[PDB]
């Protein structure tokens, strides 16, 4: 699972080599950065409930037709599975924040994304728009390096979906 720590260890191992000053300098970055990351994580964690309901709705407001009958934003089950899915994304964003890398996102959401979305007729556009909205609101929950971190990972998901 990709973190700064696992990456430097992987690179050492693959050259049959003890960790050296290059690799320990790298690790210090990840540790120095934890405070901002983890502040973003705590804010995203406690606002999760509303961030999810905000983004879910915004998918319907931007794609009005989704909420008409015969469509995929209609009925309890679609709308339920949607909230859940955005919640999955926010969850892995917090994990990536806490972990010090994109690993959790890469392993649990990015690997396989398109195949799944294509089989199930899920448009990335919705998910990008959910995330664009989450990005708008996270502008006033955080600032400074915690915001930059939150942004880094939200944007990472948006690029994964384009």
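Positions refer to the first chain, counted from 1.
- Legend: mean Cα B-factor per stretch from the PDB entry, 16 to 24 versus 136 to 144; the higher mean is in 136 to 144.
- The top Cα temperature factor in the record, among 34, 52, 109, 93, falls on 34.
- Residue 66: CA B factor lies in the highest third for its chain, per the PDB record.
- In this PDB entry, residue 118 carries a Cα temperature factor that places it within the middle third of its chain's modelled residues.
- For residue 158, the recorded CA temperature factor ranks within the lowest third of the chain's modelled residues.
- When all modelled residues of the chain are sorted by CA temperature factor, residue 86 is found within the lowest third.
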